[PDB]
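A look at the structure
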Amino acid sequence: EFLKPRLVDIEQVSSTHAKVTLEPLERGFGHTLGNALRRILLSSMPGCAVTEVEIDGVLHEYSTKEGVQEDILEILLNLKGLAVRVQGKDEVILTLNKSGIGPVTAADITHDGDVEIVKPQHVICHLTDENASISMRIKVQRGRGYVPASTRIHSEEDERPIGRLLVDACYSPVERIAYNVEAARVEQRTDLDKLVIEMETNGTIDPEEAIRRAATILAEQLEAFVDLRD
Amino acid sequence: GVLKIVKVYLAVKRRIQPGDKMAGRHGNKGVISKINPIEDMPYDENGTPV
């Protein structure tokens, strides 16, 4: 004699906001599913983010291209916050060529079907000379969590070039996740709760797809208790 | 006596870690004791962790 909740409306307030609600919760399971989901979404959602950049005529990070008005040490710290969602493959290799005076927004990356940039109003660098020219070849990967460049070196396998600029990659499509159980109301039941997971992605991953991939990370892990091995 | 010198640099970039010694302005030192995960940190009413 129990009740089990079902998905309900998804008030997509904005592009990076969301509010998914879980209607018919039995009493006592409010804070049990919430905090067991907030600790999953914030931790283990597979995202995609840049892995290693490569510019045309520069050898190391602390250089300074001629024509741009940033050190290369800040062109990598602007790419790392690039949001992109590949659909078909697992990894890509983007491109970027531009020439002229004017800021190089992220929308100038070469267009592909699978790769789909999300924040095209982004800024990457500036160009401030009529004969200036920047031409890089960004990389992209899938994963989860966070893997700094120093620890992704143990699997280097003879990274032959000296033009590869390694970036640290923090794949995760979630930023902050609140939730507040409140007094739901079925037609006749003295106490039924409602969960309201006010999520906030970086425009990458769909809300309803997160929760359906944060539940099966739980429901797949409880097997080891449903069958105690002894 | 010296025949020819050579001078090489190295731009090592060191992150933060347990052991480093942060401190405020008012004379309150402290050695960083642990680097938590993103979600063990006390979150206020709107998820923003300290």
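Method-wise, the PDB entry is recorded as coming from cryo-EM, at a reported resolution of 3.68 Å.

**Some details on the overall build of chain A**
Tallying secondary structure elements over chain A gives five helices and 13 strands in all. Relative to the compact-globule value of 17 Å for 230 residues, chain A shows a C-alpha radius of gyration of 22 Å, a clear excess of over 25%. Every one of the 230 residues in chain A was classed for burial, and the buried ones make up 38%. Residue pairs in contact within chain A that sit at least 24 positions apart in sequence constitute 71% of those at least 6 positions apart. Accessible area for chain A stands at about 13500 Å²; split by element, carbon and sulfur atoms hold 48% of it. If the 26 positive side-chain charges of chain A are averaged to one point and the 40 negative ones to another, these points end up 4 Å apart.

**Focus: the overall build of chain B**
Tallying secondary structure elements over chain B gives zero helices and two strands in all. Here the C-alpha atoms of chain B give a radius of gyration of 21 Å, more than 25% beyond the 10 Å that 2.2 N^0.38 yields for 50 residues. Principal-axis analysis of the C-alpha atoms gives chain B an extent of 70 × 25 × 15 Å. Here chain B holds 50 residues, and the buried ones make up 6% of them.

**Topic: the environment of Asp206(A)**
Residues and elements named next belong to chain A. Its place among the elements puts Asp206 in the loop between β13 (192–197) and α3 (207–214). On the basis of relative accessibility, which here comes to 38%, the residue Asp206 falls in the partly exposed class. Placed 188 residues apart in sequence, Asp206 and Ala18 show a C-alpha to C-alpha distance of 9.1 Å. Among the polar contacts listed, one links the side chain of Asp206 to the side chain of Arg85, at a separation of 3.4 Å.

**Quick word on the interface of chain A and chain B**
Across the contact, 12 residues belong to chain A and 12 residues belong to chain B. Of the roughly 1000 Å² buried where chain A meets chain B, counting both sides, 48% is carbon and sulfur surface. The interface formed by chain A and chain B holds one salt bridge in total. The partner of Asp40(B) in a salt bridge is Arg39(A), and the shortest N-O contact between them spans 2.6 Å.

**Here we look at α3(A)**
Three- or four-residue spacings in an α-helix give side chains the same orientation, since the helix completes a turn every 3.6 residues. Residues and elements named next belong to chain A. Those residues of α3 lying buried are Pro207, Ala210, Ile211 and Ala214. The arc enclosing the buried residues of α3, seen along the axis, measures out at 90°, which places them on a common side. Tucked into the core, α3 has its buried residues touching β1 (7–10), β2 (20–25), α1 (30–41), β13 and α4 (216–219).

Reading the values: rules and limits
- Residues numbered from 1 in each chain as written, not as in the entry; some residues may be left out.
- Chains lettered and ligands numbered in written order.
- Part of a larger assembly, values for the part shown.
- Heavy atoms only, no water.
- Helix = DSSP H or I, 4+ residues; strand = E, 2+ residues; numbered from the N terminus.
- Rg over C-alpha atoms; globule rule 2.2 N^0.38 Å.
- Buried < 20%, exposed > 50% of the residue type's maximum accessible area, 1.4 Å probe, protein only.
- Contact = heavy atoms within 4.5 Å.
- Areas by Shrake-Rupley, 256 points an atom, 1.4 Å probe, with all protein chains shown as cover.
- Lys, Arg positive; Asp, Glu negative; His and termini not counted.
- Charge placed at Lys NZ, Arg CZ, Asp CG, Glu CD.
- Polar contact = N/O pair within 3.5 Å; in protein donor to acceptor, adjacent residues only side chain to side chain.
- Buried area = accessible area lost by both parts, 1.4 Å probe.
- Salt bridge = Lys/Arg side-chain N within 4 Å of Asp/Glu carboxyl O.
- Arc of directions from axis to C-beta.

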